Amino acid sequence: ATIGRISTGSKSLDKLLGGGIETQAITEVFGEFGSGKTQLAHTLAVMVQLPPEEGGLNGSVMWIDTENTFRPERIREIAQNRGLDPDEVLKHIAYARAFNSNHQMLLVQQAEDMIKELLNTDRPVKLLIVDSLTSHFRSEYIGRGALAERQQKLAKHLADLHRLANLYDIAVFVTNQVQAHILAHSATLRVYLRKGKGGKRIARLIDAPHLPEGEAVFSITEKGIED
Ligand SMILES: C[C@H](NC(=O)[C@@H]1CCCN1C(=O)[C@H](Cc1c[nH]cn1)NC(=O)c1cc2ccccc2cc1N)C(N)=O
């Protein structure tokens, strides 16, 4: 099936991504605390709900939160400032907090149930967010022997997410806090975010040889993100 794209709200970042984030893929954003990962997640959760000629997919959202960082009022602000009803936008986001990494893995299985229900409705699930993908794995799997065990469990979690993306035509968007590399990763596309000067955020594609090699620049605003 043909893939869909979701505009991020920034034309610069959209060009870096070839039009937006893709369905049938996992896009991982990574960078230090404060680099804009969660604001990009909030913006995408609104953008995907727009019609396709405005860069959305007329889609619903599912959001797994490991750090209590989802903010419904920020959704409402972004929606209002993009011409959308804030409470309708919120109603098409299903939200769950993952208590630990094993609960996080179970929540991906639960998510399939709602995905199936909405699949042939006018707003099927088109975006599944995991913010943060790695935080519980990093606190639970630590010390001698933990590198191999943690990487194996992560890879299985990511395989479950790839299955949902590919089987149900969903964009999976995940965040990863990284304090300034040797570990393997299995996301489809990895985007490094960082702070720039003048309040700007800078994005670069990592290990993607046949895609754009420049950098996108964006700001965080009342519309979420924009150039
Ligand atoms: C934006 C937010 N929207 C809600 O609160 C809307 C209102 C109506 C129910 N909503 C939910 O999110 C419900 C709350 C709930 C939990 N158990 C029973 N009901 N989510 C779920 O059911 C759920 C979500 C998942 C997300 C990802 C993965 C697996 C999930 C599995 C789940 N069971 C808001 N602030 O208004």
# chains A, B, ... in the order shown; residues from 1 in each chain; ligands from 1
>>> residues_near_ligand(ligand="ligand 1", cutoff="10 Å", atoms="only C-alpha atoms and all ligand atoms", output="VMD selection string")
chain A and resid 45 61 to 65 70 to 73 75 to 76 87 to 98 103 to 115 128 to 130
>>> residues_around(residues="range 159-175 of chain A", least_positions_apart="2", cutoff="7 Å", atoms="only C-alpha atoms", output="ChimeraX atom specification")
/A:21-30,37,125-133,155-157,177
>>> residues_around(residues="range 52-56 of chain A", least_positions_apart="5", cutoff="7 Å", atoms="only C-alpha atoms", output="list in words")
residues 6, 7 and 47 of chain A
>>> atom_distance(atom1="CA of residue 32 in chain A", atom2="CA of residue 211 in chain A")
23.6 Å
>>> atom_distance(atom1="CA of residue 15 in chain A", atom2="CA of residue 209 in chain A")
15.7 Å
>>> closest_residue(among="A:139, A:134, A:35, A:81", to="residue 192 in chain A", atoms="only C-alpha atoms")
A:35
>>> select_by_dssp(residues="range 75-169 of chain A", states="alpha helix (DSSP H)", output="PyMOL selection string")
chain A and resi 75-81+86-91+101-118+135-140+146-168
>>> select_by_dssp(residues="range 117-227 of chain A", states="strand (DSSP E or B)", output="PyMOL selection string")
chain A and resi 125-131+171-177+189-195+201-206+215-221+224-226
>>> write_last_selection(atoms="C-alpha atoms", output="PDB file, in the first residue's frame")
ATOM      1  CA  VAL A 125      -5.214   5.534  13.641  1.00  0.00           C
ATOM      2  CA  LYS A 126      -2.396   7.083  11.620  1.00  0.00           C
ATOM      3  CA  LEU A 127       0.160   8.029  14.329  1.00  0.00           C
ATOM      4  CA  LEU A 128       1.487   6.058  17.305  1.00  0.00           C
ATOM      5  CA  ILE A 129       3.845   8.000  19.608  1.00  0.00           C
ATOM      6  CA  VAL A 130       6.186   6.473  22.214  1.00  0.00           C
ATOM      7  CA  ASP A 131       7.725   9.234  24.366  1.00  0.00           C
ATOM      8  CA  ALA A 171       3.499   6.318  11.285  1.00  0.00           C
ATOM      9  CA  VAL A 172       5.331   5.337  14.482  1.00  0.00           C
ATOM     10  CA  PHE A 173       7.204   8.268  16.093  1.00  0.00           C
ATOM     11  CA  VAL A 174       9.511   7.612  19.061  1.00  0.00           C
ATOM     12  CA  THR A 175      11.810   9.773  21.197  1.00  0.00           C
ATOM     13  CA  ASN A 176      15.182   8.926  22.775  1.00  0.00           C
ATOM     14  CA  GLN A 177      17.152  11.091  25.232  1.00  0.00           C
ATOM     15  CA  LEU A 189      14.935   6.669  10.193  1.00  0.00           C
ATOM     16  CA  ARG A 190      16.931   8.460  12.895  1.00  0.00           C
ATOM     17  CA  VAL A 191      16.843  12.259  13.288  1.00  0.00           C
ATOM     18  CA  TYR A 192      19.325  14.038  15.555  1.00  0.00           C
ATOM     19  CA  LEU A 193      17.915  17.197  17.163  1.00  0.00           C
ATOM     20  CA  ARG A 194      19.833  19.897  19.009  1.00  0.00           C
ATOM     21  CA  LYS A 195      19.493  23.467  20.182  1.00  0.00           C
ATOM     22  CA  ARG A 201      16.323  23.857  16.811  1.00  0.00           C
ATOM     23  CA  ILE A 202      18.479  22.060  14.214  1.00  0.00           C
ATOM     24  CA  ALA A 203      17.728  18.630  12.729  1.00  0.00           C
ATOM     25  CA  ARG A 204      20.053  16.280  10.823  1.00  0.00           C
ATOM     26  CA  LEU A 205      19.467  12.818   9.368  1.00  0.00           C
ATOM     27  CA  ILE A 206      21.787  10.158  10.787  1.00  0.00           C
ATOM     28  CA  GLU A 215      20.206  20.413   8.158  1.00  0.00           C
ATOM     29  CA  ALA A 216      16.720  21.755   8.833  1.00  0.00           C
ATOM     30  CA  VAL A 217      16.076  24.669  11.186  1.00  0.00           C
ATOM     31  CA  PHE A 218      12.834  25.341  13.052  1.00  0.00           C
ATOM     32  CA  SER A 219      11.355  27.154  16.051  1.00  0.00           C
ATOM     33  CA  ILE A 220       8.857  26.250  18.773  1.00  0.00           C
ATOM     34  CA  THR A 221       5.803  28.535  18.686  1.00  0.00           C
ATOM     35  CA  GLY A 224       3.780  23.940  17.740  1.00  0.00           C
ATOM     36  CA  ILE A 225       6.767  24.091  15.420  1.00  0.00           C
ATOM     37  CA  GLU A 226       7.315  26.177  12.297  1.00  0.00           C
TER      38      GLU A 226
END
>>> closest_residue(among="A:178, A:13, A:140, A:199", to="residue 33 in chain A", atoms="only C-alpha atoms")
A:178
>>> atom_distance(atom1="CA of residue 34 in chain A", atom2="CA of residue 74 in chain A")
16.0 Å
>>> decode(residues="range 149-188 of chain A", atoms="N, CA and C atoms", output="CSV table (one decimal), in the first residue's frame")
chain,number,residue,atom,x,y,z
A,149,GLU,N,21.0,-7.8,27.3
A,149,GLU,CA,19.6,-8.0,27.6
A,149,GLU,C,18.8,-6.8,27.2
A,150,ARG,N,19.2,-5.6,27.5
A,150,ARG,CA,18.4,-4.4,27.2
A,150,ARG,C,18.3,-4.3,25.7
A,151,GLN,N,19.3,-4.5,24.9
A,151,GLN,CA,19.2,-4.4,23.5
A,151,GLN,C,18.3,-5.4,22.9
A,152,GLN,N,18.3,-6.6,23.4
A,152,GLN,CA,17.4,-7.7,22.9
A,152,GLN,C,15.9,-7.3,23.2
A,153,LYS,N,15.6,-6.9,24.4
A,153,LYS,CA,14.2,-6.5,24.7
A,153,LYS,C,13.8,-5.3,23.9
A,154,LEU,N,14.6,-4.3,23.8
A,154,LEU,CA,14.3,-3.1,22.9
A,154,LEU,C,14.0,-3.6,21.5
A,155,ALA,N,14.9,-4.4,20.9
A,155,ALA,CA,14.7,-4.8,19.5
A,155,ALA,C,13.4,-5.5,19.4
A,156,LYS,N,12.9,-6.3,20.3
A,156,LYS,CA,11.6,-7.0,20.3
A,156,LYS,C,10.5,-6.0,20.3
A,157,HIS,N,10.6,-5.0,21.2
A,157,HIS,CA,9.6,-3.9,21.3
A,157,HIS,C,9.5,-3.2,20.0
A,158,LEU,N,10.7,-2.9,19.4
A,158,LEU,CA,10.7,-2.2,18.1
A,158,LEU,C,10.1,-3.0,17.0
A,159,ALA,N,10.3,-4.4,17.1
A,159,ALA,CA,9.7,-5.3,16.1
A,159,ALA,C,8.2,-5.3,16.2
A,160,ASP,N,7.7,-5.2,17.4
A,160,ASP,CA,6.2,-5.1,17.6
A,160,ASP,C,5.7,-3.8,17.0
A,161,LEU,N,6.4,-2.7,17.2
A,161,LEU,CA,6.0,-1.4,16.6
A,161,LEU,C,6.1,-1.4,15.1
A,162,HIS,N,7.2,-2.0,14.5
A,162,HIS,CA,7.3,-2.1,13.1
A,162,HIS,C,6.1,-2.9,12.5
A,163,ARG,N,5.7,-3.9,13.2
A,163,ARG,CA,4.5,-4.7,12.7
A,163,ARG,C,3.3,-3.9,12.6
A,164,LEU,N,3.0,-3.1,13.7
A,164,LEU,CA,1.8,-2.2,13.6
A,164,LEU,C,1.9,-1.2,12.5
A,165,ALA,N,3.1,-0.6,12.4
A,165,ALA,CA,3.2,0.4,11.3
A,165,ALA,C,3.0,-0.2,10.0
A,166,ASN,N,3.5,-1.4,9.7
A,166,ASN,CA,3.4,-2.0,8.4
A,166,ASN,C,2.1,-2.6,8.1
A,167,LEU,N,1.5,-3.2,9.1
A,167,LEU,CA,0.2,-4.0,8.9
A,167,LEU,C,-0.9,-3.0,8.8
A,168,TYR,N,-0.9,-1.9,9.5
A,168,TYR,CA,-2.1,-1.0,9.6
A,168,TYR,C,-1.8,0.4,9.0
A,169,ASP,N,-0.7,0.6,8.3
A,169,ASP,CA,-0.4,1.8,7.6
A,169,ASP,C,-0.4,3.0,8.6
A,170,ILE,N,0.5,2.9,9.6
A,170,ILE,CA,0.6,3.9,10.7
A,170,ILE,C,2.1,4.4,10.7
A,171,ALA,N,2.2,5.7,11.0
A,171,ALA,CA,3.5,6.3,11.3
A,171,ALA,C,3.8,6.1,12.8
A,172,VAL,N,4.9,5.4,13.1
A,172,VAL,CA,5.3,5.3,14.5
A,172,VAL,C,6.4,6.4,14.7
A,173,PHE,N,6.3,7.2,15.8
A,173,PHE,CA,7.2,8.3,16.1
A,173,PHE,C,7.7,8.1,17.5
A,174,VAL,N,9.0,7.9,17.7
A,174,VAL,CA,9.5,7.6,19.1
A,174,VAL,C,10.6,8.6,19.4
A,175,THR,N,10.8,8.9,20.7
A,175,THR,CA,11.8,9.8,21.2
A,175,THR,C,12.8,9.0,22.1
A,176,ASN,N,14.1,9.6,22.1
A,176,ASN,CA,15.2,8.9,22.8
A,176,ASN,C,16.1,10.0,23.3
A,177,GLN,N,16.3,10.1,24.6
A,177,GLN,CA,17.2,11.1,25.2
A,177,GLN,C,18.6,10.6,25.2
A,178,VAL,N,19.5,11.4,24.6
A,178,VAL,CA,20.9,11.0,24.4
A,178,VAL,C,21.8,12.1,24.8
A,179,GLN,N,22.7,11.9,25.8
A,179,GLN,CA,23.6,12.8,26.3
A,179,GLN,C,24.9,12.8,25.5
A,180,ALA,N,24.9,13.5,24.4
A,180,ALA,CA,26.1,13.6,23.5
A,180,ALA,C,26.7,12.2,23.2
A,181,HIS,N,26.7,6.3,21.4
A,181,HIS,CA,26.6,6.2,19.9
A,181,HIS,C,26.9,4.7,19.5
A,182,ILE,N,27.6,4.0,20.3
A,182,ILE,CA,28.1,2.7,19.9
A,182,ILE,C,27.0,1.6,19.8
A,183,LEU,N,25.8,1.9,20.4
A,183,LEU,CA,24.7,0.9,20.5
A,183,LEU,C,24.0,0.8,19.1
A,184,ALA,N,23.5,-0.4,18.8
A,184,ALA,CA,22.7,-0.7,17.6
A,184,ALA,C,21.3,0.0,17.8
A,185,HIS,N,20.7,0.3,16.7
A,185,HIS,CA,19.4,0.8,16.6
A,185,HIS,C,18.6,0.2,15.5
A,186,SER,N,17.3,0.1,15.6
A,186,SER,CA,16.5,-0.5,14.6
A,186,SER,C,15.3,0.3,14.1
A,187,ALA,N,15.3,1.6,14.4
A,187,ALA,CA,14.3,2.5,13.8
A,187,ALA,C,14.6,2.6,12.3
A,188,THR,N,13.5,2.9,11.5
A,188,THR,CA,13.6,3.1,10.1
A,188,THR,C,14.5,4.3,9.8
